[PDB]
Amino acid sequence: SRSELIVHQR
């Protein structure tokens with residue numbers, strides 16, 4: 001579930 005996390009951190 002990094003996909004939702006990465007978008008923010010990205």
# chains A, B, ... in the order shown; residues from 1 in each chain; ligands from 1
$ select_by_dssp --residues "chain A" --states "helix (DSSP H, G or I)" --output "number ranges by chain"
A: 2-9
